[PDB]
Amino acid sequence: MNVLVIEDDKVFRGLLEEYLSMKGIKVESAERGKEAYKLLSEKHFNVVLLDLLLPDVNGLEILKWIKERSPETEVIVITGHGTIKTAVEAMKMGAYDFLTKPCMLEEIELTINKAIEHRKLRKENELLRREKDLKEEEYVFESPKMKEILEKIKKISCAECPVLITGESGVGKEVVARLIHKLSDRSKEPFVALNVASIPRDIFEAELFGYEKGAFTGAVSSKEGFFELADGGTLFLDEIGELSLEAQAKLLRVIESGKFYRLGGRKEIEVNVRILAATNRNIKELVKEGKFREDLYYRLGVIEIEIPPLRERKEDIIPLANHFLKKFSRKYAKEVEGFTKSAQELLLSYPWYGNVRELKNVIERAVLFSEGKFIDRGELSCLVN
Amino acid sequence: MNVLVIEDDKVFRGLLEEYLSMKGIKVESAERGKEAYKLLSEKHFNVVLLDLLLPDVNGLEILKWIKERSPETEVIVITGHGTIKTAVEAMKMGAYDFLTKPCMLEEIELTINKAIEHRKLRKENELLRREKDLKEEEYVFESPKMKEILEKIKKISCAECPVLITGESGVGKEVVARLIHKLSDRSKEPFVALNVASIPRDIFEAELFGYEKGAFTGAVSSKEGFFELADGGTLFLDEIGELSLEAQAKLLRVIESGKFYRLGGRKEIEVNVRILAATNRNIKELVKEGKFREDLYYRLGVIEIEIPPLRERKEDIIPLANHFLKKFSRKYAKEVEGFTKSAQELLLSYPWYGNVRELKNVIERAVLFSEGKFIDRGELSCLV
Ligand SMILES: Nc1ncnc2c1ncn2[C@@H]1O[C@H](COP(=O)(O)OP(=O)(O)O)[C@@H](O)[C@H]1O
Ligand SMILES: Nc1ncnc2c1ncn2[C@@H]1O[C@H](COP(=O)(O)OP(=O)(O)O)[C@@H](O)[C@H]1O
Ligand SMILES: [Mg+2]
């Protein structure tokens with residue numbers, strides 16, 4: 001980490017230089033504005049200690065210069081006694097915190113550490129989000145059945161009640177839930193996808209609801225749960241039919257009161273989370289067999305979206321295939337432009353029991369083994385029909 | 001959001017209540033320490049303004065109770081003028097910040113906002129991190145070939161120099177980069193994976209190194225790149241061959257001095273990032289064709305690990321196949337639990353030129369198609 005100190009006071013300045021020097025942080029100093037601007041033009045800094053009062057320039061201008069160029073640089077303004085208004089103005093202008101010249105070295109340490117933590121937290125947030133953005137995909141709804149399902153999704157998006165998405169696996173259930181959140185008034189809020197079937201039943205509740213210290217053996221400290229962390233957002237539970245009966249009851253409560261207890265808790269907690277659920281099974285049968293609460297089935301089933309197989313929407317097949325063609329043609333550095341005229345026929349003729357997920361895997365393999373500029377019916381031969 | 005105000009001074013408690021009101025934040029009050037304790041036992045507050053000087057109790061006492069019970073709670077301490085020393089110790093115990101009774105309403109706003117931002121970033125990061133842990137895979141390393149590579153990795157992760165991972169596609173080069181990271185000294189630091197081919201070249205250089213205003217059409221601001229974001233951690237560049245000659249030059253310098261300039265930049269940046277690269281191609285070739293710099297090639301290959309194809313690691317095939325069947329079976333709630341003997345023999349005899357990725361993709365489709373308890377030779381034979 002690099003720090004830039006812009007102070008005129010040889011005393012206070014040195015104190016700063018020393019402190020930073022002691023913590024193992026690279027430092028550079030500037031006695032005046034013209035020198036600070038020079039350095040600021042040659043080196044990127046993580047933290048800048050700026051004194052609002054400088055001989056040749058008005059500190060505030062430097063702060064403004066810094067904030068326009070690199071908002072990622074934490075900036076701490078330095079001001080004297082009784083100059084709190086400008087410090088507050090400075091902060092309103094983008095300064096993170098401020099130091100009063102003079103002050104305890106402990107104040108210097110705490111203020112600088114607070115700024116360092118913010119930066120740490122800020123970078124982590126950016127990285128995880130940018131990493132997530134890399135995986136963003138664009139969807140295809142060119143079939144009548146889907147074209148209208150899209151419209152219904154637009155109508156239910158801003159509702160606060162739950163949606164139950166059904167259909168054969170690999171049909172696009174999670175995709176639909178993503179759009180529901182994307183088109184809703186919560187879109188900028190978190191979207192959490194949790195597959196109930198793949199997460200260990202014995203860990204699921206602790207993760208969804210969170211737990212207090214000692215609620216179960218192993219629980220050394222207290223941990224928040226997805227419901228809390230996703231507060232204000234949307235929670236998507238895939239394969240809802242695999243929820244334990246114990247878990248089903250707790251879920252019905254949140255859907256009813258938006259309140260719940262952590263495992264081993266006494267304080268009731270409230271959250272505002274839209275719940276979206278999906279299943280590729282027969283829940284009605286699950287209710288009869290007494291494995292799935294009928295009440296929950298009724299509530300989740302208020303708004304229901306049914307996604308039909310790929311077989312029942314051939315208008316989607318080719319478009320989706322082209323989408324995947326391009327996608328993988330990139331990921332794997334290959335020269336596949338499109339599909340042979342006959343190859344397209346095979347695609348349309350196949351039943352795609354795996355549906356879109358199958359369609360995806362097939363094209364990805366076809367593209368990975370592709371030699372020419374096109375994919376023949378023969379290249380789909382070994383892969384499907 | 002729930003906040004709890006614990007102030008005895010009637011005027012200051014009014015300001016805090018007003019500000020919290022202006023913001024639309026649910027508020028609750030206490031004038032004496034013991035009243036605070038009751039409320040604190042009833043509700044889970046997100047932020048607490050705690051005055052240090054209370055008639056019956058000492059603020060510090062409540063501070064320690066909160067930091068221990070619910071650490072999740074942001075605590076802002078209050079204190080009179082010229083009493084800084086008590087506030088400093090307060091922060092030394094877990095208090096996020098402090099206010100000075102009295103002060104501008106704006107001062108209260110800025111401080112409270114910073115505490116709300118701190119909580120927001122904390123929870124967002126915990127969430128994004130946990131959504132990632134959810135996608136962690138268990139890795140299968142049974143063959144003796146992979147067994148010894150695992151051993152080599154261990155001796156490597158303790159070094160800081162770059163590593164060039166080579167091997168056919170779908171062989172597990174990225175899986176290996178991750179293990180190198182987990183076993184290294186920067187395991188707790190970030191690991192950033194980027195596939196140079198999957199991203200259009202123009203968008204790539206900007207993303208990796210960042211850019212300064214004017215670097216290209218519309219770049220209205222200066223932006224950090226993945227290199228800065230991965231600082232202190234590890235960066236994995238897959239399909240390293242697709243790097244533009246310009247990108248190669250910047251990478252070279254970062255490997256030599258940890259310094260570089262953003263795209264169209266003049267404000268030097270310095271990072272400490274371990275570099276791991278992968279390729280299924282022959283760099284030596286690309287060098288002669290003048291497509292890849294020779295010096296970078298040598299710097300990246302200081303340590304070079306070749307990950308063999310599946311057909312040369314037959315011991316991994318059944319273990320891999322079983323792992324995948326189990327994984328996709330749970331994912332789709334299927335009743336499949338294994339492969340018939342005839343199925344197993346096919347998996348072992350098929351050459352898997354697409355390697356592990358091809359195996360994974362084929363088992364996924366087999367599970368999607370299945371409706372029984374086992375996958376037979378017929379379901380596989382049509383897939384391969
Ligand atoms: N309309 C679509 N447009 C683009 N891709 C889609 C579409 N529908 C599904 N997919 C892709 O097909 C695969 C099946 O996805 P998914 O929604 O998870 O199905 P399901 O939840 O029913 O098992 C995913 O990789 C997804 O990105
Ligand atoms: N040893 C392993 N155990 C379990 N899964 C593996 C293993 N090796 C690779 N995989 C999986 O195989 C696929 C190929 O992955 P990857 O590392 O990206 O290959 P490569 O980088 O060589 O192209 C991935 O989805 C990965 O999770
Ligand atoms: Mg690869």
# chains A, B, ... in the order shown; residues from 1 in each chain; ligands from 1

call {"tool": "residues_near_ligand", "arguments": {"ligand": "ligand 2", "cutoff": "6 Å", "atoms": "only C-alpha atoms and all ligand atoms", "output": "PyMOL selection string"}}
result
chain B and resi 139-141+169-175+356-357

call {"tool": "closest_atom_pairs", "arguments": {"of": "chain A", "to": "ligand 1", "cutoff": "9 Å", "atoms": "only C-alpha atoms and all ligand atoms", "output": "tab-separated table"}}
result
residue	atom	partner	partner_atom_place_in_ligand_line	distance
A:137	CA	ligand 1	27 (O)	7.0
A:138	CA	ligand 1	4 (C)	6.0
A:139	CA	ligand 1	3 (N)	3.3
A:140	CA	ligand 1	3 (N)	3.7
A:141	CA	ligand 1	1 (N)	5.2
A:142	CA	ligand 1	1 (N)	8.3
A:146	CA	ligand 1	1 (N)	8.1
A:165	CA	ligand 1	22 (O)	8.8
A:166	CA	ligand 1	22 (O)	7.8
A:167	CA	ligand 1	22 (O)	6.4
A:168	CA	ligand 1	22 (O)	6.1
A:169	CA	ligand 1	23 (O)	4.0
A:170	CA	ligand 1	23 (O)	3.5
A:171	CA	ligand 1	22 (O)	3.8
A:172	CA	ligand 1	17 (O)	3.1
A:173	CA	ligand 1	21 (O)	3.7
A:174	CA	ligand 1	17 (O)	3.7
A:175	CA	ligand 1	17 (O)	4.1
A:176	CA	ligand 1	17 (O)	6.7
A:177	CA	ligand 1	17 (O)	8.1
A:178	CA	ligand 1	17 (O)	8.6
A:238	CA	ligand 1	21 (O)	7.2
A:239	CA	ligand 1	21 (O)	8.7
A:278	CA	ligand 1	21 (O)	7.3
A:279	CA	ligand 1	22 (O)	8.0
A:280	CA	ligand 1	22 (O)	7.1
A:307	CA	ligand 1	22 (O)	8.2
A:316	CA	ligand 1	1 (N)	7.9
A:319	CA	ligand 1	3 (N)	8.8
A:320	CA	ligand 1	4 (C)	6.1
A:323	CA	ligand 1	4 (C)	7.3
A:324	CA	ligand 1	5 (N)	8.0
A:354	CA	ligand 1	14 (C)	8.8
A:355	CA	ligand 1	14 (C)	7.5
A:356	CA	ligand 1	12 (O)	4.5
A:357	CA	ligand 1	13 (C)	3.9
A:358	CA	ligand 1	13 (C)	7.6
A:359	CA	ligand 1	12 (O)	7.6
A:360	CA	ligand 1	12 (O)	6.3
A:361	CA	ligand 1	25 (O)	8.7

call {"tool": "closest_atom_pairs", "arguments": {"of": "chain A", "to": "ligand 3", "cutoff": "12 Å", "atoms": "only C-alpha atoms and all ligand atoms", "output": "JSON lines"}}
result
{"residue": "A:328", "atom": "CA", "partner": "ligand 3", "partner_atom_place_in_ligand_line": "1 (Mg)", "distance": 11.3}
{"residue": "A:330", "atom": "CA", "partner": "ligand 3", "partner_atom_place_in_ligand_line": "1 (Mg)", "distance": 11.5}
{"residue": "A:331", "atom": "CA", "partner": "ligand 3", "partner_atom_place_in_ligand_line": "1 (Mg)", "distance": 8.3}
{"residue": "A:332", "atom": "CA", "partner": "ligand 3", "partner_atom_place_in_ligand_line": "1 (Mg)", "distance": 7.0}
{"residue": "A:333", "atom": "CA", "partner": "ligand 3", "partner_atom_place_in_ligand_line": "1 (Mg)", "distance": 9.6}
{"residue": "A:368", "atom": "CA", "partner": "ligand 3", "partner_atom_place_in_ligand_line": "1 (Mg)", "distance": 10.1}

call {"tool": "closest_residue", "arguments": {"among": "B:178, B:85, B:23, B:44", "to": "residue 107 (chain A)", "atoms": "only C-alpha atoms"}}
result
B:85

call {"tool": "interface_residues", "arguments": {"of": "chain B", "to": "chain A", "cutoff": "6 Å", "atoms": "only C-alpha atoms", "output": "number ranges by chain"}}
result
B: 123, 125, 127, 197-198, 229, 267-269, 330-331, 368, 383

call {"tool": "write_last_selection", "arguments": {"atoms": "C-alpha atoms", "output": "short mmCIF file (atom, residue, chain, number, x, y, z; two decimals), in the first residue's frame"}}
result
data_model
loop_
_atom_site.label_atom_id
_atom_site.label_comp_id
_atom_site.auth_asym_id
_atom_site.auth_seq_id
_atom_site.Cartn_x
_atom_site.Cartn_y
_atom_site.Cartn_z
CA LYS B 123 -22.80 -8.14 4.87
CA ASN B 125 -19.01 -9.29 1.18
CA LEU B 127 -22.96 -12.92 1.18
CA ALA B 197 -10.12 -16.11 -24.86
CA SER B 198 -13.67 -15.87 -23.54
CA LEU B 229 -8.30 -5.81 -7.07
CA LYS B 267 -0.22 7.29 -12.82
CA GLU B 268 1.90 4.29 -11.93
CA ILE B 269 0.45 1.40 -9.97
CA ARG B 330 -28.51 -34.71 -6.01
CA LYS B 331 -28.78 -31.54 -8.07
CA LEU B 368 -30.67 -36.01 -16.93
CA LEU B 383 -23.73 -39.91 -25.54
#

call {"tool": "residues_around", "arguments": {"residues": "residue 258 (chain B)", "least_positions_apart": "2", "cutoff": "10 Å", "atoms": "only C-alpha atoms", "output": "PDB file with N, CA and C atoms, in the first residue's frame"}}
result
ATOM      1  N   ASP B 231      -4.610  -7.540  -5.728  1.00  0.00           N
ATOM      2  CA  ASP B 231      -3.401  -7.203  -4.982  1.00  0.00           C
ATOM      3  C   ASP B 231      -3.223  -8.053  -3.719  1.00  0.00           C
ATOM      4  N   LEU B 251       2.343  -7.313 -18.698  1.00  0.00           N
ATOM      5  CA  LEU B 251       2.429  -8.465 -17.808  1.00  0.00           C
ATOM      6  C   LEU B 251       3.895  -8.689 -17.472  1.00  0.00           C
ATOM      7  N   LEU B 252       4.735  -8.659 -18.503  1.00  0.00           N
ATOM      8  CA  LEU B 252       6.166  -8.860 -18.322  1.00  0.00           C
ATOM      9  C   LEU B 252       6.707  -7.920 -17.232  1.00  0.00           C
ATOM     10  N   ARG B 253       6.421  -6.627 -17.358  1.00  0.00           N
ATOM     11  CA  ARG B 253       6.902  -5.662 -16.379  1.00  0.00           C
ATOM     12  C   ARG B 253       6.365  -5.918 -14.973  1.00  0.00           C
ATOM     13  N   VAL B 254       5.099  -6.301 -14.878  1.00  0.00           N
ATOM     14  CA  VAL B 254       4.542  -6.579 -13.560  1.00  0.00           C
ATOM     15  C   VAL B 254       5.281  -7.772 -12.965  1.00  0.00           C
ATOM     16  N   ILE B 255       5.622  -8.747 -13.796  1.00  0.00           N
ATOM     17  CA  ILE B 255       6.342  -9.891 -13.264  1.00  0.00           C
ATOM     18  C   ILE B 255       7.743  -9.465 -12.836  1.00  0.00           C
ATOM     19  N   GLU B 256       8.328  -8.508 -13.539  1.00  0.00           N
ATOM     20  CA  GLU B 256       9.659  -8.061 -13.182  1.00  0.00           C
ATOM     21  C   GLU B 256       9.719  -7.052 -12.038  1.00  0.00           C
ATOM     22  N   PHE B 260       3.048  -1.169 -13.093  1.00  0.00           N
ATOM     23  CA  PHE B 260       2.493  -1.076 -14.420  1.00  0.00           C
ATOM     24  C   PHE B 260       1.670   0.173 -14.487  1.00  0.00           C
ATOM     25  N   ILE B 269       1.051   2.274 -10.955  1.00  0.00           N
ATOM     26  CA  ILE B 269       0.454   1.403  -9.968  1.00  0.00           C
ATOM     27  C   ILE B 269       1.438   0.337  -9.567  1.00  0.00           C
ATOM     28  N   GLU B 270       1.359  -0.093  -8.322  1.00  0.00           N
ATOM     29  CA  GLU B 270       2.243  -1.142  -7.855  1.00  0.00           C
ATOM     30  C   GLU B 270       1.438  -2.173  -7.090  1.00  0.00           C
ATOM     31  N   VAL B 271       1.553  -3.433  -7.500  1.00  0.00           N
ATOM     32  CA  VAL B 271       0.825  -4.506  -6.830  1.00  0.00           C
ATOM     33  C   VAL B 271       1.750  -5.667  -6.511  1.00  0.00           C
ATOM     34  N   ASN B 272       1.271  -6.572  -5.669  1.00  0.00           N
ATOM     35  CA  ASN B 272       2.018  -7.766  -5.295  1.00  0.00           C
ATOM     36  C   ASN B 272       1.038  -8.890  -5.615  1.00  0.00           C
ATOM     37  N   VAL B 273       1.128  -9.426  -6.825  1.00  0.00           N
ATOM     38  CA  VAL B 273       0.207 -10.473  -7.269  1.00  0.00           C
ATOM     39  C   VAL B 273       0.934 -11.683  -7.849  1.00  0.00           C
ATOM     40  N   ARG B 274       0.678 -12.872  -7.302  1.00  0.00           N
ATOM     41  CA  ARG B 274       1.334 -14.079  -7.819  1.00  0.00           C
ATOM     42  C   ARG B 274       0.629 -14.405  -9.125  1.00  0.00           C
TER      43      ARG B 274
END

call {"tool": "residues_around", "arguments": {"residues": "residue 53 (chain A)", "least_positions_apart": "5", "cutoff": "10 Å", "atoms": "only C-alpha atoms", "output": "PyMOL selection string"}}
result
chain A and resi 6-8+32-33+58-60+77-80

call {"tool": "residues_around", "arguments": {"residues": "residue 151 (chain B)", "least_positions_apart": "5", "cutoff": "12 Å", "atoms": "only C-alpha atoms", "output": "VMD selection string"}}
result
chain B and resid 141 144 to 146 156 to 157 176 179 to 180 183 305

call {"tool": "write_last_selection", "arguments": {"atoms": "N, CA and C atoms", "output": "compact mmCIF listing (two decimals), in the first residue's frame"}}
result
# COMPACT_ATOMS: atom_id res chain seq x y z
N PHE B 141 -8.34 -36.84 -7.08
CA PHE B 141 -6.95 -37.04 -7.51
C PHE B 141 -6.46 -38.43 -7.14
N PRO B 144 -1.81 -42.16 -9.96
CA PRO B 144 -0.49 -41.85 -9.40
C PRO B 144 0.13 -40.62 -10.06
N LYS B 145 -0.27 -40.35 -11.31
CA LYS B 145 0.21 -39.18 -12.06
C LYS B 145 -0.23 -37.91 -11.32
N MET B 146 -1.52 -37.84 -11.01
CA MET B 146 -2.06 -36.69 -10.30
C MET B 146 -1.56 -36.65 -8.86
N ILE B 156 5.63 -26.20 -4.50
CA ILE B 156 5.57 -24.99 -5.30
C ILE B 156 4.86 -23.79 -4.68
N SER B 157 3.66 -24.02 -4.17
CA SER B 157 2.84 -22.97 -3.55
C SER B 157 3.61 -22.11 -2.55
N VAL B 176 -5.96 -26.98 -10.94
CA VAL B 176 -4.60 -26.98 -10.39
C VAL B 176 -4.17 -25.59 -9.93
N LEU B 179 -5.67 -25.11 -6.51
CA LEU B 179 -4.99 -25.83 -5.45
C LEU B 179 -3.67 -25.15 -5.10
N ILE B 180 -2.94 -24.68 -6.11
CA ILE B 180 -1.67 -24.00 -5.85
C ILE B 180 -1.96 -22.82 -4.93
N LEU B 183 -2.95 -23.86 -1.18
CA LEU B 183 -1.80 -24.36 -0.42
C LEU B 183 -0.70 -23.32 -0.23
N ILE B 305 4.32 -26.86 -15.04
CA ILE B 305 3.66 -28.10 -14.68
C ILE B 305 2.71 -28.53 -15.80

call {"tool": "select_by_dssp", "arguments": {"residues": "region 280-328 of chain B", "states": "strand (DSSP E)", "output": "ChimeraX atom specification"}}
result
/B:303-306

call {"tool": "write_last_selection", "arguments": {"atoms": "N, CA and C atoms", "output": "PDB file, in the first residue's frame"}}
result
ATOM      1  N   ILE B 303       8.653 -22.024 -13.483  1.00  0.00           N
ATOM      2  CA  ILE B 303       8.115 -23.257 -12.941  1.00  0.00           C
ATOM      3  C   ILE B 303       7.031 -23.639 -13.948  1.00  0.00           C
ATOM      4  N   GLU B 304       7.095 -24.871 -14.434  1.00  0.00           N
ATOM      5  CA  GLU B 304       6.154 -25.346 -15.439  1.00  0.00           C
ATOM      6  C   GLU B 304       5.642 -26.721 -15.047  1.00  0.00           C
ATOM      7  N   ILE B 305       4.325 -26.860 -15.037  1.00  0.00           N
ATOM      8  CA  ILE B 305       3.665 -28.099 -14.681  1.00  0.00           C
ATOM      9  C   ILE B 305       2.714 -28.531 -15.796  1.00  0.00           C
ATOM     10  N   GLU B 306       2.922 -29.731 -16.330  1.00  0.00           N
ATOM     11  CA  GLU B 306       2.069 -30.287 -17.378  1.00  0.00           C
ATOM     12  C   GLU B 306       1.044 -31.202 -16.708  1.00  0.00           C
TER      13      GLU B 306
END

call {"tool": "atom_distance", "arguments": {"atom1": "CA of residue 322 (chain A)", "atom2": "CA of residue 344 (chain A)"}}
result
10.0 Å

call {"tool": "select_by_dssp", "arguments": {"residues": "region 191-300 of chain A", "states": "alpha helix (DSSP H)", "output": "PyMOL selection string"}}
result
chain A and resi 201-209+226-229+245-257+283-288+294-300

call {"tool": "write_last_selection", "arguments": {"atoms": "N, CA, C and O atoms", "output": "short mmCIF file (atom, residue, chain, number, x, y, z; two decimals), in the first residue's frame"}}
result
data_model
loop_
_atom_site.label_atom_id
_atom_site.label_comp_id
_atom_site.auth_asym_id
_atom_site.auth_seq_id
_atom_site.Cartn_x
_atom_site.Cartn_y
_atom_site.Cartn_z
N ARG A 201 -28.87 -31.69 4.06
CA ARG A 201 -30.05 -31.39 4.88
C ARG A 201 -29.70 -30.94 6.29
O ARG A 201 -30.40 -30.11 6.88
N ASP A 202 -28.62 -31.49 6.84
CA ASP A 202 -28.21 -31.15 8.19
C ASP A 202 -27.52 -29.80 8.33
O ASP A 202 -27.33 -29.31 9.44
N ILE A 203 -27.18 -29.18 7.20
CA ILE A 203 -26.50 -27.89 7.21
C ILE A 203 -27.43 -26.78 6.73
O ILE A 203 -27.30 -25.61 7.11
N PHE A 204 -28.39 -27.15 5.89
CA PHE A 204 -29.32 -26.21 5.30
C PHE A 204 -29.96 -25.17 6.23
O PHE A 204 -29.90 -23.97 5.94
N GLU A 205 -30.58 -25.61 7.31
CA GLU A 205 -31.22 -24.67 8.23
C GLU A 205 -30.25 -23.68 8.85
O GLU A 205 -30.54 -22.49 8.94
N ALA A 206 -29.09 -24.19 9.25
CA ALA A 206 -28.09 -23.34 9.85
C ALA A 206 -27.65 -22.28 8.83
O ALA A 206 -27.31 -21.16 9.19
N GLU A 207 -27.66 -22.63 7.56
CA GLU A 207 -27.24 -21.68 6.56
C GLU A 207 -28.34 -20.72 6.13
O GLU A 207 -28.08 -19.54 5.88
N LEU A 208 -29.57 -21.20 6.03
CA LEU A 208 -30.67 -20.34 5.64
C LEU A 208 -31.10 -19.43 6.79
O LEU A 208 -31.28 -18.22 6.61
N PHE A 209 -31.23 -20.00 7.98
CA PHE A 209 -31.69 -19.24 9.14
C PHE A 209 -30.61 -18.68 10.04
O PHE A 209 -30.87 -17.75 10.80
N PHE A 226 -28.55 -16.76 5.21
CA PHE A 226 -28.90 -16.17 3.95
C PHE A 226 -30.09 -15.22 4.06
O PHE A 226 -30.05 -14.14 3.46
N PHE A 227 -31.12 -15.57 4.83
CA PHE A 227 -32.27 -14.68 4.98
C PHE A 227 -31.87 -13.29 5.47
O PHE A 227 -32.38 -12.28 4.99
N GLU A 228 -30.94 -13.22 6.42
CA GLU A 228 -30.49 -11.92 6.91
C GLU A 228 -29.62 -11.19 5.89
O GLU A 228 -29.86 -10.02 5.60
N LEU A 229 -28.61 -11.88 5.37
CA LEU A 229 -27.71 -11.29 4.39
C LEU A 229 -28.45 -10.87 3.11
O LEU A 229 -28.07 -9.90 2.46
N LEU A 245 -39.34 -31.50 6.47
CA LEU A 245 -40.65 -31.05 6.94
C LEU A 245 -40.44 -29.96 7.98
O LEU A 245 -41.17 -28.98 8.02
N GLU A 246 -39.42 -30.15 8.81
CA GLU A 246 -39.08 -29.18 9.83
C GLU A 246 -38.85 -27.83 9.15
O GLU A 246 -39.42 -26.81 9.55
N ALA A 247 -38.04 -27.84 8.09
CA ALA A 247 -37.70 -26.64 7.33
C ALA A 247 -38.90 -26.02 6.61
O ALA A 247 -38.98 -24.80 6.48
N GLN A 248 -39.81 -26.86 6.13
CA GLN A 248 -40.99 -26.40 5.42
C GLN A 248 -41.82 -25.48 6.30
O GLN A 248 -42.27 -24.42 5.86
N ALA A 249 -42.04 -25.89 7.55
CA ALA A 249 -42.82 -25.11 8.50
C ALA A 249 -42.20 -23.75 8.78
O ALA A 249 -42.91 -22.75 8.84
N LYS A 250 -40.88 -23.71 8.95
CA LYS A 250 -40.21 -22.44 9.22
C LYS A 250 -40.32 -21.51 8.01
O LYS A 250 -40.45 -20.30 8.16
N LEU A 251 -40.28 -22.09 6.81
CA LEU A 251 -40.35 -21.32 5.58
C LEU A 251 -41.75 -20.73 5.41
O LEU A 251 -41.90 -19.59 4.95
N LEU A 252 -42.77 -21.50 5.79
CA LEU A 252 -44.14 -21.01 5.67
C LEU A 252 -44.32 -19.80 6.57
O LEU A 252 -45.02 -18.86 6.20
N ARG A 253 -43.70 -19.83 7.75
CA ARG A 253 -43.80 -18.71 8.67
C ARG A 253 -43.25 -17.43 8.05
O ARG A 253 -43.93 -16.40 8.02
N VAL A 254 -42.01 -17.48 7.54
CA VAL A 254 -41.39 -16.31 6.93
C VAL A 254 -42.27 -15.77 5.80
O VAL A 254 -42.45 -14.57 5.65
N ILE A 255 -42.82 -16.67 5.00
CA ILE A 255 -43.70 -16.24 3.93
C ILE A 255 -44.95 -15.55 4.50
O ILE A 255 -45.52 -14.67 3.86
N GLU A 256 -45.36 -15.95 5.70
CA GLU A 256 -46.55 -15.37 6.34
C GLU A 256 -46.25 -14.09 7.10
O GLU A 256 -46.95 -13.09 6.93
N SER A 257 -45.21 -14.13 7.94
CA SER A 257 -44.83 -12.99 8.78
C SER A 257 -43.49 -12.35 8.46
O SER A 257 -43.15 -11.32 9.04
N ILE A 283 -45.24 -32.02 -6.77
CA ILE A 283 -45.46 -31.63 -5.39
C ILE A 283 -46.82 -32.10 -4.89
O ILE A 283 -46.95 -32.48 -3.73
N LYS A 284 -47.81 -32.09 -5.77
CA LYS A 284 -49.15 -32.53 -5.39
C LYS A 284 -49.08 -33.95 -4.85
O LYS A 284 -49.73 -34.28 -3.86
N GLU A 285 -48.29 -34.80 -5.50
CA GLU A 285 -48.14 -36.17 -5.03
C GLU A 285 -47.39 -36.15 -3.70
O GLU A 285 -47.68 -36.94 -2.81
N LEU A 286 -46.43 -35.24 -3.57
CA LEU A 286 -45.65 -35.12 -2.35
C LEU A 286 -46.53 -34.72 -1.17
O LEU A 286 -46.23 -35.05 -0.02
N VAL A 287 -47.62 -34.01 -1.46
CA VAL A 287 -48.54 -33.58 -0.41
C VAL A 287 -49.37 -34.78 0.04
O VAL A 287 -49.57 -35.00 1.24
N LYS A 288 -49.85 -35.56 -0.93
CA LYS A 288 -50.64 -36.77 -0.66
C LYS A 288 -49.82 -37.75 0.18
O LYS A 288 -50.30 -38.29 1.18
N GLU A 294 -49.24 -29.29 2.95
CA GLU A 294 -50.23 -28.79 1.99
C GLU A 294 -50.38 -27.28 2.05
O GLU A 294 -50.60 -26.64 1.02
N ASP A 295 -50.27 -26.70 3.24
CA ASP A 295 -50.40 -25.26 3.38
C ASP A 295 -49.32 -24.56 2.56
O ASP A 295 -49.62 -23.67 1.75
N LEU A 296 -48.06 -24.96 2.75
CA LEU A 296 -46.95 -24.37 2.01
C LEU A 296 -47.25 -24.52 0.52
O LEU A 296 -47.14 -23.58 -0.25
N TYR A 297 -47.65 -25.72 0.11
CA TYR A 297 -47.96 -25.94 -1.29
C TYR A 297 -48.97 -24.93 -1.81
O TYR A 297 -48.85 -24.47 -2.94
N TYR A 298 -49.96 -24.59 -0.98
CA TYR A 298 -50.97 -23.62 -1.39
C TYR A 298 -50.41 -22.19 -1.50
O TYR A 298 -50.70 -21.49 -2.46
N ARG A 299 -49.61 -21.77 -0.52
CA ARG A 299 -49.03 -20.43 -0.55
C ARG A 299 -48.03 -20.22 -1.69
O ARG A 299 -48.13 -19.24 -2.44
N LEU A 300 -47.06 -21.12 -1.84
CA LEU A 300 -46.08 -20.99 -2.92
C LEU A 300 -46.80 -21.04 -4.25
O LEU A 300 -46.44 -20.33 -5.19
#

call {"tool": "residues_around", "arguments": {"residues": "residue 302 (chain B)", "least_positions_apart": "2", "cutoff": "9 Å", "atoms": "only C-alpha atoms", "output": "number ranges by chain"}}
result
B: 161-164, 297-300, 304

call {"tool": "atom_distance", "arguments": {"atom1": "CA of residue 147 (chain B)", "atom2": "CA of residue 191 (chain B)"}}
result
23.3 Å

call {"tool": "atom_distance", "arguments": {"atom1": "CA of residue 20 (chain A)", "atom2": "CA of residue 49 (chain A)"}}
result
11.0 Å

call {"tool": "residues_around", "arguments": {"residues": "residue 181 (chain A)", "least_positions_apart": "5", "cutoff": "9 Å", "atoms": "only C-alpha atoms", "output": "JSON, numbers by chain"}}
result
{"A": [157, 158, 176, 186, 187, 188, 189, 190, 191, 233, 234, 274]}

call {"tool": "closest_residue", "arguments": {"among": "A:318, A:380, A:16, A:66", "to": "residue 384 (chain B)", "atoms": "only C-alpha atoms"}}
result
A:380

call {"tool": "closest_residue", "arguments": {"among": "B:319, B:102, B:241, B:378", "to": "residue 278 (chain B)", "atoms": "only C-alpha atoms"}}
result
B:241
